[PDB]
Amino acid sequence: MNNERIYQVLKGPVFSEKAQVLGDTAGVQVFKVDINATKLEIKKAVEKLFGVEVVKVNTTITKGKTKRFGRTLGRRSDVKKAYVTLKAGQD
Amino acid sequence: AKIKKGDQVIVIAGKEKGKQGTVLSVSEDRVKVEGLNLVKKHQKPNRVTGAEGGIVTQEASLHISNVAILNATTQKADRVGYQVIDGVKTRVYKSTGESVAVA
Amino acid sequence: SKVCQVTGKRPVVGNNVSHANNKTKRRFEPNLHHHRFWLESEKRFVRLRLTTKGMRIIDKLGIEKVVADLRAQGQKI
Amino acid sequence: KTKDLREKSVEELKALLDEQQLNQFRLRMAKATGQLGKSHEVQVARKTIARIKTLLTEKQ
Amino acid sequence: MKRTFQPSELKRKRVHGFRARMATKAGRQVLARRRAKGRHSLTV
RNA sequence: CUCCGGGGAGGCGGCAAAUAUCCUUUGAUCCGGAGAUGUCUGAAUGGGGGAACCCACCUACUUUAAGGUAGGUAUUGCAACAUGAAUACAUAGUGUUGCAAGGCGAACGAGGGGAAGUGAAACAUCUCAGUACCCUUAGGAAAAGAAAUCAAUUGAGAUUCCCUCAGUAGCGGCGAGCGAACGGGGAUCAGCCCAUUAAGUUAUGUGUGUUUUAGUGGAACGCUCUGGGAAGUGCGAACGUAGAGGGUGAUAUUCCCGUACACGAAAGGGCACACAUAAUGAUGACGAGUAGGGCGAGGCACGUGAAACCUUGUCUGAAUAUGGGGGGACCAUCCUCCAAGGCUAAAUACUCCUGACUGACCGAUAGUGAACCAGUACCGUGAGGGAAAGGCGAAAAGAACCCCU
RNA sequence: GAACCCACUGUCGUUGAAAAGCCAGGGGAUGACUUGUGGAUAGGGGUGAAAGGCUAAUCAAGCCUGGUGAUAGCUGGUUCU
RNA sequence: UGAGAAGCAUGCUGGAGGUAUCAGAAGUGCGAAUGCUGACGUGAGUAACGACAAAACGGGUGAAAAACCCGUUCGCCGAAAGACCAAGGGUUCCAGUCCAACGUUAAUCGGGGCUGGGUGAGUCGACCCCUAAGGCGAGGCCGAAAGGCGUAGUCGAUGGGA
């Protein structure tokens with residue numbers, strides 16, 4: 001759990017209707033994370049960097065879309081999301 | 001025989017041959033001179049930034065070989081050479097040898 | 001493979017030639033077989049795969065000399 | 001900035017490394033949230049980390 | 001009617017795959033020929 | 001990303017404009033040299049596996065929970081050391097440490113195997129042809145090489161390549177076809193050793209010479225007509241150790257980049273010469289299961305022929321300088337050479353590559369399959385097969401605004 | 001006698017809905033039965049309750065690339081005055 | 001204009017190259033080869049529009065409605081024309097917006113174009129432990145070479161294990 005890895009674990013928040021509803025209602029934060037991050041790594045990174053207490057972490061991977069722009073075909077990268085539940089009322 | 005960004009030049013070929021101005025920019029083999037080689041752009045109105053379009057006028061670049069440095073002493077076109085005076089390399093007029101008058 | 005340890009003889013190629021002079025590929029094989037020799041200096045039997053010409057050379061020069069010569073060429077005997 | 005970092009010692013360099021990494025993460029999160037106009041500081045920090053690592057390798 | 005191609009990924013990989021080609025000498029020559037020709041895909 | 005050198009007003013790679021933010025005379029972008037970093041698969045080498053994935057162990061440090069960093073852990077061969085059966089000594093076996101190897105790549109070299117279509121106006125000997133193809137393995141070249149060689153006025157003098165000799169002498173179901181040598185003229189030239197061991201070669205380090213990887217300076221033209229635009233018309237000048245080439249709104253030695261010429265290297269590399277320190281040549285000391293012979297095959301231009309000479313699968317088997325080999329069956333005489341141990345440059349073969357230059361070679365159905373995002377699209381389970389598609393304008397100045405829809 | 005596995009008769013279809021089918025009838029349907037997944041056998045070879053059948057819509061000797069521009073006393077074609 | 005293959009002059013278009021004479025070299029002349037590549041005809045606005053389960057009307061939107069949406073009626077399947085899993089496919093899933101091409105007709109609709117979202121596991125499955133047929137295989141045996149087979153082992157579900 002070195003600090004360099006802890007800083008590379010989290011990438012950014014997710015802005016969407018589902019994420020906003022979860023945040024407003026159930027104390028759940030949605031993050032984009034590194035594709036190789038584990039649940040324990042995400043938990044420790046969140047605890048160290050945001051000063052909160054984590055109950056459990058749920059993760060999912062969505063494969064990148066393949067689109068044809070111009071005459072060439074390209075593919076986007078895979079994305080991993082983390083649903084982090086905070087204890088009581090936090091953040 | 002370089003030409004720089006602040007020089008006073010005179011056009012030696014083209015539709016505007018015989019006129020002079022101040023160099024505005026130099027990129028690759030093309031040069032823009034203030035107040036010469038004007039073109040009319042039909043700018044379409046821009047949706048995202050407003051600022052409705054219209055007919056505007058702006059300068060267009062010429063080939064660098066079509067302009068020549070202007071010699072302030074004689075008001076004639078001239079070529080440019082290099083001379084090592086003191087320890088600094090300097091641009092000189094080829095016709096007379098005087099150092100180029102920085103403007 | 002069919003190689004003699006003492007002489008290095010191995011199968012070669014040749015022709016069958018008929019009375020009408022038809023030619024066909026064939027092989028010539030060595031007179032190979034296994035034999036055990038008593039090595040006195042080591043008090044043991046050494047098994048070699050060799051030809052009858054190899055046996056004649058062994059009778060001429062002695063077994064220990066041939067064994068030393070073979071060990072000189074990196075053979076494990 | 002390279003000479004400024006080179007005048008420094010090893011302990012100070014290894015402290016500045018962690019500080020710059022924390023600042024880089026903060027900048028990334030700020031940009032991802034969207035309250036950032038200038039992005040050149042991200043590149044500045046990204047190059048600073050590389051400079052510090054190069055100097056550390058040179059010194060050790 | 002039943003046609004000739006009945007796909008199965010495991011069978012495809014075990015018959016025509018990279019390690020299958022690497023296991024034999026003739027398969028290594030197949031890979032050498034495709035590298036020489038410049039194929040963008042070496043194996044299925 | 002860092003250091004050194006060059007350069008001196010712009011720059012933030014292209015498709016691909018513009019925007020926005022920036023960097024830069026406190027030396028940017030860029031060019032050359034030396035470093036730093038360098039995920040995963042792949043000989044892949046910790047075990048496995050459906051390539052880019054799954055699962056581990058050991059040690060040192062570090063964390064406080066279920067970890068992190070760094071290193072190590074393949075096989076085979078050789079050397080040393082340890083240990084160790086049947087079995088008493090031993091040996092086999094087992095283990096540790098150190099060193100080396102494996103894979104890829106155009107052609108050329110050397111070796112181990114080796115066709116058929118076709119021709120013979122059919123076809124089996126013969127030809128095709130030791131070709132195509134498969135396998136193993138070097139080097140910048142490889143192989144060969146210093147006479148047990150030729151010749152036949154008693155002369156030449158190691159190997160390799162080219163011209164002649166010559167389509168000759170021969171071989172051949174004497175068919176179709178195959179096809180020398182001696183001698184002469186050239187290219188290049190070189191010999192040295194077998195146990196106290198030579199020439200030579202390869203590495204290492206030093207010292208000289210040469211070259212290479214950025215670069216700097218570099219002459220000299222004005223009027224006039226046509227024209228959208230002058231480099232074109234007419235008149236008169238200049239430079240030339242520079243009238244090669246490319247660009248510029250049409251055709252330029254004097255407009256631009258350059259050209260002849262002169263100058264230039266912090267650092268780094270190549271070649272050559274001399275010196276020094278290793279290694280190697282070198283398990284080899286004059287050549288016995290060898291020369292020769294019987295049987296079966298192969299190679300020699302030479303198909304068993306009057307068939308010498310070379311290699312050997314099988315069976316045998318000398319003399320040893322008062323000796324032995326060859327001179328195309330064989331004998332005698334003459335001449336010539338010394339096998340059964342080695343090393344050796346050049347002249348010769350080739351082009352995946354890098355630089356410069358050239359063409360009575362092509363100009364988009366041509367030239368590479370491919371001038372364009374091509375071994376791609378597409379076809380096939382797979383090996384594999386395999387396209388079409390260049391051109392606005394000098395400059396986007398790429399058509400504001402109005403009208404029908 | 002349904003599912004399932006077959007394929008005896010007829011009409012239609014034959015530039016088809018389909019490079020072997022639909023419809024109406026037909027046979028077996030606890031067995032020498034039908035079927036999924038994963039394996040083995042490779043070309044003068046395999047496999048065959050045997051038809052020269054099958055071996056990727058290809059079989060009296062599969063497909064691909066090489067020898068190869070095989071050979072053809074045969075057929076066609078061969079460009080201005 | 002000449003006996004011919006052809007030559008000469010000139011109007012329009014076009015917008016930068018062409019080339020006498022005499023020599024020299026050839027990828028030097030096309031109507032045919034069921035020749036090769038591209039473009040375009042005739043048949044001809046002809047056949048056909050893919051199960052004979054079936055449609056009708058009112059309102060809405062829209063440039064336009066037999067086919068879209070809402071509503072009221074009618075008909076069809078119901079051991080599959082309904083609901084799931086594996087294999088195979090890979091974004092076809094949901095929302096907004098567009099109608100050139102695609103859809104055997106039109107389309108405002110769509111599995112079509114563009115933009116943005118969506119897959120949450122100690123208990124489900126895989127991974128993991130174990131092995132079948134079979135594969136590979138340290139040493140080993142055999143073989144011109146490439147290689148064949150095989151011991152100890154190590155893999156391999158379609159089977160056993162909370």
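Within every chain, numbering begins at 1; the chains are lettered A, B, ... in the order of the sequence lines, protein sequences first and strands thereafter.
- Nearest-nucleotide positions on RNA chain H place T59(A) closer to the 5' end than the other of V3(C) and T59(A).
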N/O-N/O pairs, protein side and nucleotides 62-67 of chain F side, under 3.5 Å:
{"residue": "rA66(F)", "atom": "OP1", "partner": "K44(A)", "partner atom": "NZ", "Å": "2.9"}

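- Counting any heavy atom pair closer than 4.0 Å across all strands shown, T72(A) reaches no nucleic acid atom.
- When hydrophobic side chains of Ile, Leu, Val, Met, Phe, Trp and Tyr are connected at separations under 4.5 Å, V33(A) ends up clustered with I6(A), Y7(A), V9(A), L10(A), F31(A), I42(A), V46(A), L49(A), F50(A), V52(A), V54(A), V57(A), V84(A), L86(A), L22(D), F25(D), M29(D).
- Here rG367(F) does not sit opposite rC182(F) as a base pair, Watson-Crick or G-U wobble, with both distances under 3.5 Å.
- Using a 4.0 Å cut-off, no side-chain N or O of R28(E) falls inside it from OP1 or OP2 of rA43(F).
- Projected onto RNA chain G by closest heavy-atom contact, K2(E) and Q6(E) fall at different nucleotides, the more 5' of which corresponds to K2(E).
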Nucleic acid footprint by protein, nucleotides 378-385 of chain F - heavy-atom cut-off 4.0 Å, B for base, S for sugar-phosphate alone: ---BSSBB
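- Look at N21(C) and you won't find any side-chain N or O under 4.0 angstrom from OP1 or OP2 of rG303(F).
- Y82(B) comes within 4.0 angstrom of the backbone, heavy atoms only, and of no base.
- When RNA chain H is scanned 5' to 3' for any atom under 4.0 Å from a heavy atom of chain A, the first and last hits are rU91(H) to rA121(H).
- Bases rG31(H) and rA32(H) qualify as stacked neighbours, criterion being ring centres under 5.5 Å and ring planes under 30°.
- Residue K53(D) has no polar side-chain atom (N or O) positioned under 4.0 Å from OP1 or OP2 of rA36(F).
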Under 3.5 Å, N/O pairs linking protein and nucleotides 398-405 of chain F:
{"residue": "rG398(F)", "atom": "OP2", "partner": "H42(B)", "partner atom": "N", "Å": "3.2"}
{"residue": "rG398(F)", "atom": "OP2", "partner": "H42(B)", "partner atom": "ND1", "Å": "3.2"}
{"residue": "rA400(F)", "atom": "OP1", "partner": "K44(B)", "partner atom": "NZ", "Å": "2.8"}
{"residue": "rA400(F)", "atom": "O2'", "partner": "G54(B)", "partner atom": "N", "Å": "3.4"}

Please tabulate, one pair per line, all N/O donor-acceptor pairs under 3.5 Å involving side-chain atoms of residues 37-44 of chain E, not counting sequence neighbours.
none

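- Taken to the nearest 0.5 Å, the CG atom of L24(B) stands 5.5 Å off from the CD atom of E59(B).
- The six-membered rings of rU226(F) and its strand neighbour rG227(F) lie with centres under 5.5 Å apart and planes within less than 30°, so the two bases count as stacked.
- Judged as a salt bridge (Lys or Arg N to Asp or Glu O under 4.0 Å), and not counting sequence neighbours, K1(D) has no contacts.
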Where do N or O atoms of nucleotides 48-50 of chain F meet protein N or O atoms at under 3.5 Å, pair by pair?
{"residue": "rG50(F)", "atom": "OP2", "partner": "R19(E)", "partner atom": "NE", "Å": "2.8"}

Using a cutoff of under 3.5 Å, can you pull out all pairs of nitrogen or oxygen atoms linking the protein to nucleotides 285-289 of chain F, with atom names and distances?
{"residue": "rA288(F)", "atom": "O2'", "partner": "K60(C)", "partner atom": "NZ", "Å": "2.9"}
{"residue": "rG289(F)", "atom": "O4'", "partner": "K60(C)", "partner atom": "NZ", "Å": "3.0"}

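- Partner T22(B) forms a side-chain hydrogen bond (donor to acceptor under 3.5 Å, both in side chains) with one of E34(B), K32(B), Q8(B) and no other, that one being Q8(B).
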So which protein N/O to nucleotides 111-120 of chain F N/O distances come out below 3.5 Å?
{"residue": "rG114(F)", "atom": "OP2", "partner": "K25(C)", "partner atom": "NZ", "Å": "3.4"}

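- When the nearest nucleotides of RNA chain H are assigned to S8(E) and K56(A) by heavy-atom distance, the more 5′-ward of the two goes with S8(E).
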Show me the side-chain donor-acceptor pairs of residues 9-32 of chain E shorter than 3.5 Å, one per line, residues at least two apart or across chains.
{"residue": "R28(E)", "atom": "NE", "partner": "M22(E)", "partner atom": "O", "Å": "3.3"}
{"residue": "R28(E)", "atom": "NE", "partner": "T24(E)", "partner atom": "O", "Å": "3.4"}

Distances under 3.5 Å between protein N/O atoms and the N/O atoms of nucleotides 242-249 of chain F, please, pair by pair.
{"residue": "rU248(F)", "atom": "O2'", "partner": "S65(B)", "partner atom": "OG", "Å": "3.3"}
{"residue": "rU248(F)", "atom": "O2'", "partner": "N66(B)", "partner atom": "OD1", "Å": "2.9"}
{"residue": "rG249(F)", "atom": "OP2", "partner": "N66(B)", "partner atom": "ND2", "Å": "2.8"}
{"residue": "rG249(F)", "atom": "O6", "partner": "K15(B)", "partner atom": "N", "Å": "3.1"}

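- Within 4.0 Å of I58(C), counting heavy atoms only, lies no atom of the nucleic acid at all.
- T52(C) comes within 4.0 angstrom of sugar-phosphate atoms only, judged by non-hydrogen atoms across all strands, and of no base.
- Glycosidic conformation, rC286(F): syn, with the torsion inside 90° of 0.
- Contact between the side-chain N/O atoms of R79(B) and the OP1/OP2 oxygens of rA220(F) is found at a separation under 4.0 Å.
- Glycosidic conformation, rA79(H): anti, with the torsion outside 90° of 0.
- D18(D) contributes atom CG, which lies 6.5 Å from atom CD of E4(A) (distance to the nearest 0.5 angstrom).
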